[PDB]
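Trainee: Residue numbers (the deposited numbering), protein chains in the order written: chain y, 2 to 87; chain u, 1 to 82; chain q, 63 to 124; chain v, 4 to 83; chain 8, 466 to 501, 539 to 549; chain i, 2 to 206. The structure's right below; bear with me while I get my questions together.
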RNA sequence: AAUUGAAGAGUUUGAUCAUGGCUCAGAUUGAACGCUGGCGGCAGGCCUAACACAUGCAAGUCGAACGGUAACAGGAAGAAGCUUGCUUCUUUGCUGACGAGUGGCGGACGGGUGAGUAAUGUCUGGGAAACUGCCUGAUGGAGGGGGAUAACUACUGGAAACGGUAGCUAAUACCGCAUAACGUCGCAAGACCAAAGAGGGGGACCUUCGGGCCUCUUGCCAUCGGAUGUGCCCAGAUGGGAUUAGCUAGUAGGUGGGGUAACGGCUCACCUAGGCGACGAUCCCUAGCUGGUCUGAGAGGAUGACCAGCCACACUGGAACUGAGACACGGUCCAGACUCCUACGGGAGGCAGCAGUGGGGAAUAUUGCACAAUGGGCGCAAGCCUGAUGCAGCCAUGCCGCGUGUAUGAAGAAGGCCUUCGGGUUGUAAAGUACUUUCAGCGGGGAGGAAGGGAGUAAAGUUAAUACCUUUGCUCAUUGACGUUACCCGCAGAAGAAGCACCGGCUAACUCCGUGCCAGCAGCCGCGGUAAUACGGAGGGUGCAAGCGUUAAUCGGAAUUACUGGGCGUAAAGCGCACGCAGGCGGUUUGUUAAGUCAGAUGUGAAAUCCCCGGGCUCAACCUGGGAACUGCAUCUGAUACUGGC
Ligand SMILES: [Mg+2]
Ligand SMILES: [Mg+2]
Ligand SMILES: [Mg+2]
Ligand SMILES: [Mg+2]
Ligand SMILES: [Mg+2]
Ligand SMILES: [Mg+2]
Ligand SMILES: [Mg+2]
Ligand SMILES: [Mg+2]
Ligand SMILES: [Mg+2]
Ligand SMILES: [Mg+2]
Ligand SMILES: [Mg+2]
Ligand SMILES: [Mg+2]
Ligand SMILES: [Mg+2]
Ligand SMILES: [Mg+2]
Ligand SMILES: [Mg+2]
Ligand SMILES: [Mg+2]
Ligand SMILES: [Mg+2]
Ligand SMILES: [Mg+2]
Ligand SMILES: [Mg+2]
Ligand SMILES: [Mg+2]
Ligand SMILES: [Mg+2]
Ligand SMILES: [Mg+2]
Ligand SMILES: [Mg+2]
């Protein structure tokens, strides 16, 4: 990085990246809980998982990490799956 | 953003601008959405020199178009002439 | 490729650079090129006053 | 009224997909002769309605598959 | 550079790259190296 | 840009009087106008069709003092314009400011006129014109500025003009040293020896 | 008013006509070389090595986002030699401001190059499943808590590059919680989702005298929009090769999952066995594509420098991250080859930005000045940055203009060359005489490109308020890189400003030597074997002219690939002859359809260019107004003779 700005951006990017990864990773984990529940065949549990995670997903979307559409999609798929289950 | 600006299409030492409606990011003389008129600072005292389709400009402004400072000045001048 | 040395006389010899321009000498079966006289190494022709441009001959002061 | 093309089926066997040869009658640019030109479009069809050798009216749409961006609206003259 | 690469343009004096004779000679030598009387030899053999 | 050399040689080559010398003293006495220029002038050449056309072209160019490229350009312009092409070309040639001046009678010869134009002697509509080729449009007045009115050369030119034939498309004043370009010169106004058609043909090969 | 345009020639022969090639005359260029060579204007300028790169600069900005002050200029409290009046040395962000930082926005534009790509390309036309910062229009929110973290400090690890611990602090950084629809999810009830404070001025209830409170200005956030931009799809068009005919398992399609901003074999699981293809798939070679450019009467052909649009790429090969947007020329990570530094442990680097250097090359410019404009970035601005851009330099590379004197001038001088020996030619050419001064030289004056911005004010718009802010007027001084600018004047005096090719035929222009089929010429035919208009010179001429030639390259001519526009008994050319799938074509009458066809309309075909009419540079080139044009495509509405379908 020859230009100060680039250097700043680079370090910022690194910092930003670390931040986002943590959030995104967490979100993924949350999703997996729901998915795991679905796989198991535990409906109440699945619902609980969804409840736990949906808000987080929404928050993430709001922040910008994940896109609004993407956030919606997870819910839809998850919603569909849970519905199917019971 | 979308902007109304002078595009310097002329000879050396003899500028002639088109008051074009271009995306700010595009080049000055390069791409544009619509050509709205022209302006000639050289011109001289004869008949014409500055001429802008004001209605189109207004429309663009309404939509959400940034008029350049020079362009704004030109517009003002035109208005006063009118 | 084989090339034709135009004009009378030359300073050409083996392992010497020259500028070639094309345009064949038709009575030589093989030659399709001409050496430009006055360019790079090959000197212009000695003592000519007409068509000098074609043989690299500088303009004599008179 | 949305756009639509008419042509005949070249093949059916792939489940919910029919291949349709649109025969356009373009003029040759240089020479001037009118030639028949083929456009083999892969077309989406629910319930496998068209068979092979049937004329079928088809409309453009969002790409259903890699190749398929057409969907049949009607069938016309199918028995052979 | 790490590799040796003299141009044949350096030998040509009209461009104005080498005024010295010695330098020119040296330059030439390189090309001959890269490349890698008969009558006399024959005579010698005969002798 | 101009022909710096023997004026009458060109005329001789052509055959006819090109008006390259004033006309105070006649062309037939000055040079051997009948004979072509050079050692082989008496040897009458059997001239080809292309050759004749070329000669014609030269004559016209010589008359106005228009070098080849310029002439070609003029021809092209004429072609682009509507009507008879040769006629148009002729008009354009005439329209040359220097030529116009000469016609009026401020240049004895066309060369003189050109020189005057160059030397900021001439004005068109109260504006100086350095350029000899300037196309003098209809209703454009042309004059000499007060600094160049006092020249004897101009007077001489005027006198010469008076002696000679008058153009119809021009108006001129001797005392004021100015005039008016009324309209574009027709084919009937100009000399009939100029076969413009030949010239046109030559710029179609 | 807007394509008003079309030439041949030489050469096969003893001669002819014909076929037929080669070939010249034209236009042209990003051209080069040769010989020259005054100037200007407008243009253009590494086509090859997408080869390597030293140096500088090419992207920074915002202190009105935030703690802070690394330099500086002012006050504030203290004191030194005390010129009786402050110079000076110490302290404190209190202020104008600002190093380094965090944050924001910008580094996705601008600029470059054309390596790759014959299609995740381009052009044209259609679309549907999308996102879209700033700008924008609308409708509602912006409450109340946190804990961090650089910066800064001590002790330290490293040659450096860069760290590492332990502490400290803020924010429009970050995160919960509340609040929560016009949002997201869903059949609903419901569940769930956000933020942002900052700057200028101020009456009084007030005040931990910071500020609360009011106000304006800006910023935040959600949602729907708008515009703009980007992604995606399909049709057709967009090179050559079949001496490349078979190709392809995520392959073609499906159900479901996953993924994407979005649809999609985009990817995975399982199933069906397809899909493409001689209307050329596949493989190979070459190639950015388009507007256009050149050429051409056109139709075409060639072509794609410059300018403009679209694509692709950034030392090679990857990969993601950040973000509205990139899988990012001057960001990150890795590997590679290659240069540099290193204390040998490890680092740094990426001109196809602008200059520049080397190299390659036939060949393509200066490490120039400037932000004065136009545009871009940031900011509330002032402003700062801007190798975009504007200008400047160099090169006749092009185009255009201008000049290089004008008029006169027989002794037809001299000299030159020829020479029937008279002259006749150079040639009115020169000299002489008169006259003029373009540009160049000197000295002077002297616009336009400059519109904005800054202070004071007065009014109106906001509000508790005549403050502040915004809007509109006005005077005041201002803002030029180019710049001894364009442009005008005066001075002296033709002074300083012509050369290149050609001259047998084609092909405009001819005489005179040496030699001797030698030397040389040459585009083709052909010249040269002792009297050469063809070779070299001289004169004389002809062509062009600051250029001229040569060479290369394209179209033209070449109707010589013929669509327009050719042929095939004998010149090249009828399969040896049949049958025959695909294809092409298809007698005749009525109906119908409207695909072709025709007509009209609508949208589009970017702008520039081309073309026409104009306008502006002294004219021109150049610029430029408006038009026409873009012969195309799509949709809609009709026509139904002809062609097609039924
Ligand atoms: Mg799904
Ligand atoms: Mg070289
Ligand atoms: Mg010229
Ligand atoms: Mg030179
Ligand atoms: Mg700062
Ligand atoms: Mg925030
Ligand atoms: Mg699926
Ligand atoms: Mg390539
Ligand atoms: Mg033709
Ligand atoms: Mg890459
Ligand atoms: Mg992202
Ligand atoms: Mg770079
Ligand atoms: Mg004599
Ligand atoms: Mg001057
Ligand atoms: Mg002749
Ligand atoms: Mg010759
Ligand atoms: Mg042809
Ligand atoms: Mg034939
Ligand atoms: Mg035969
Ligand atoms: Mg037969
Ligand atoms: Mg004019
Ligand atoms: Mg257009
Ligand atoms: Mg019928």
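Here a beta-carbon is modelled for each residue, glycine too, at the ideal position from N, C-alpha and C.
Spatial neighbours of residue 95 (chain q) within its chain, please: CB distance less than 8 Å, with the 5 preceding and 5 following residues excluded, ordered by chain position.
Mentor: 63, 64, 65, 66, 82, 83, 84, 85 and 86
Trainee: Which runs of the alpha helix (DSSP H) fall wholly inside the segment 29-59 of chain i and span at least 4 residues, in chain order?
Mentor: none
Trainee: Pick from 49 (chain i), 97 (chain i), 77 (chain i) and 199 (chain i): whose alpha carbon is nearest that of residue 138 (chain i)?
Mentor: 97 (chain i)
Trainee: Name the one or two DSSP bridge partners that residue 67 (chain u) has.
Mentor: According to DSSP, which records beta bridges pairwise, residue 67 (chain u) is partnered with 4 (chain u).
Trainee: Spatial neighbours of residue 69 (chain i) within its chain, please: C-beta separation below 6 Å, excluding the five flanking residues on both sides.
Mentor: none
Trainee: Please return the same chain residues whose Cβ sits closer than 6 Å to the Cβ of residue 43 (chain u), not counting the five positions on each side in sequence.
Mentor: 49
Trainee: What span of residues does the alpha helix (DSSP H) with residue 6 (chain y) cover, start to end?
Mentor: 5-41
Trainee: To be precise: take each residue of the segment 90-120 of chain q, compare its Cβ to all Cβ atoms of chain 8, and keep it if any distance is under 8 Å. Which residues remain?
Mentor: 102 and 103
Trainee: I need the straight-line Cα distance from residue 16 (chain y) to residue 64 (chain y), nearest angstrom please.
Mentor: 16 Å
Trainee: Got a sec? Which residues, its chain only, sit under 6 Å from residue 134 (chain i) by beta carbon, not counting five neighbours each side?
Mentor: 97
Trainee: Could you please give me the residues that DSSP links to residue 59 (chain v) through a beta bridge?
Mentor: 10 (chain v) and 78 (chain v)
Trainee: Any beta carbon of chain q sitting closer than 8 Å to that of residue 473 (chain 8)?
Mentor: yes
Trainee: Taking only three categories from DSSP, how would you classify residue 68 (chain y)?
Mentor: coil
Trainee: At a CB distance below 7 Å, what residues from the segment 68-79 of chain q approach chain 8? Give them in sequence order.
Mentor: 79
Trainee: Does any residue of chain q bring its CB to less than 8 Å from the CB of residue 470 (chain 8)?
Mentor: Taking Cβ atoms only, chain q never reaches closer than 8 Å to residue 470 (chain 8), which makes this a no.
Trainee: Express the C-alpha separation of residue 119 (chain i) and residue 132 (chain i) in angstroms, rounding to a whole number.
Mentor: 6 Å
Trainee: If you count every other CB in all the chains shown that lies within 10 Å of the CB of residue 86 (chain i), and 16 or more means buried, which is it?
Mentor: buried
Trainee: Just reading off the beta strand (DSSP E) that residue 67 (chain i) is part of, what are its end residues?
Mentor: Going by DSSP, residue 67 (chain i) is part of no beta strand (DSSP E) at all; its letter is neither H nor E.
Trainee: Relative to the C-alpha of residue 74 (chain q), which candidate in 89 (chain q), 91 (chain q), 93 (chain q) and 100 (chain q) has its C-alpha closest?
Mentor: 100 (chain q)
Trainee: Between which two residues does the alpha helix (DSSP H) carrying residue 49 (chain u) extend?
Mentor: Taken as a continuous stretch (DSSP letters only), residue 49 (chain u) belongs to no alpha helix (DSSP H), as it is neither H nor E.
Trainee: Taking DSSP's pairing of strands, which residues face residue 39 (chain u) in a bridge?
Mentor: 17 (chain u) and 50 (chain u)
Trainee: Could you tell me which of 22 (chain v), 60 (chain v) and 54 (chain v) sits nearest to residue 6 (chain v), measuring between CA atoms?
Mentor: 60 (chain v)
Trainee: Assuming contact is defined by CB atoms lying nearer than 8 Å, are residue 108 (chain i) and residue 94 (chain i) in contact in what I supplied?
Mentor: no
Trainee: Leaving out five residues on either side along the sequence, give the residues of the same chain with a beta carbon under 6 Å from the beta carbon of residue 38 (chain i).
Mentor: Cβ contact annotation for residue 38 (chain i) (same chain, cutoff 6 Å, sequence separation greater than five): 10, 13 and 14, in chain order.
Trainee: Would residue 106 (chain q) and residue 92 (chain q) qualify as a contact pair, given that the criterion is a beta-carbon distance under 8 Å?
Mentor: Going by C-beta atoms, residue 106 (chain q) is not nearer than 8 Å to residue 92 (chain q).
Trainee: Near residue 58 (chain v), which residues of its chain fall below 6 Å by C-beta distance, leaving aside the five closest residues on each side in sequence?
Mentor: 11, 79 and 80
Trainee: Any idea which residues DSSP pairs residue 11 (chain u) with across the strands?
Mentor: The partner list for residue 11 (chain u) (beta bridge, DSSP) reads 14 (chain u).
Trainee: Measuring CA to CA, which of 19 (chain u), 25 (chain u) and 2 (chain u) is closest to residue 8 (chain u)?
Mentor: 19 (chain u)
Trainee: Span of the alpha helix (DSSP H) holding residue 493 (chain 8)?
Mentor: Unbroken alpha helix (DSSP H) run through residue 493 (chain 8): 486-500.
Trainee: Can you name the start and end residues of the alpha helix (DSSP H) that residue 124 (chain i) belongs to?
Mentor: Unbroken run through residue 124 (chain i) is the beta strand (DSSP E), 123-125; no alpha helix (DSSP H).
Trainee: Would residue 477 (chain 8) count as contacting chain q if we go by Cβ distances under 8 Å?
Mentor: yes
Trainee: Alpha carbon to alpha carbon, how far is residue 177 (chain i) from residue 124 (chain i)?
Mentor: Approximately 13 Å, taken between the alpha carbons.
Trainee: From which residue to which residue does the beta strand (DSSP E) around residue 65 (chain q) run?
Mentor: 65-67
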